[PDB]
Structures are given as C-alpha cells and as structure tokens.
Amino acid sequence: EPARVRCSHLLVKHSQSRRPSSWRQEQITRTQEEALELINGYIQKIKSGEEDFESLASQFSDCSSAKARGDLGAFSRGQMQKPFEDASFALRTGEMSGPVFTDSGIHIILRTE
C-alpha cells in the first residue's frame, strides 16, 4: 500500500447529513433514500458511458471539490473519515468505488494515483 493515494469523489448529501448545506444548495432537502438513488443512478451512467465521472462531480457534487472536478488531491491514512479512507485505499488506480457512506453523506470515489 502506498503512503498516500490521490482520489476524486462525488458527494451527495441528504437532510440527515452532518452538515445539510453545500455550495450548490443552501439547504439539503433530499431524503437519504433519494441521495442513494442518485448515487446509483450516477454509477450506472458512468458504467454505460453515458456520463463522465469528473463532469458529473463538477456539476452535482455537494463537496466544494466540485470546483476541481472532484479532485481532493493526495491524502494519507488518518486524515479522512474512516469509511472514506478504507474505500479509497482499497481501490486500484483508475478504479471507481460503489456507494460509500460517511457522516458527510454518500460518495462515489475514483482513485487516480
């Protein structure tokens, strides 16, 4: 395992998120069921080729990293919420996670380095 990995992600928050607001929405009103529906919708469009991971994140990610087309830069273990960390370090470079759940909300993650 490398010291650090580089990943991009797409976050979908819900009303029960630890901080139910984002750059794109003053109050997150969607239900967590709806948030996971969106994430799985995104996964299937990216698998089919109909959508690009990084374009989706720049438009709809509730993380401010959307301005970076989803890129979070490099990080080591011990910095991110543990479920996020574990999924990231389990990916191969170029691979995409399934749904990842954290206190911030629901993620799909793409390891780039």
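The first residue of the shown sequence is 1; numbering continues from there.
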When mean C-alpha B-factors in the record are compared for 7-15 and 86-94, the larger belongs to 86-94
Comparing mean C-alpha B factor in the record for 98-106 and 21-29, the higher one is 21-29
By the entry's values, the third containing the CA B factor of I46 is the middle
Chain thirds by Cα B factor, record data; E34 belongs to the middle
In terms of its chain's C-alpha B-factors, the third that includes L56 is the highest
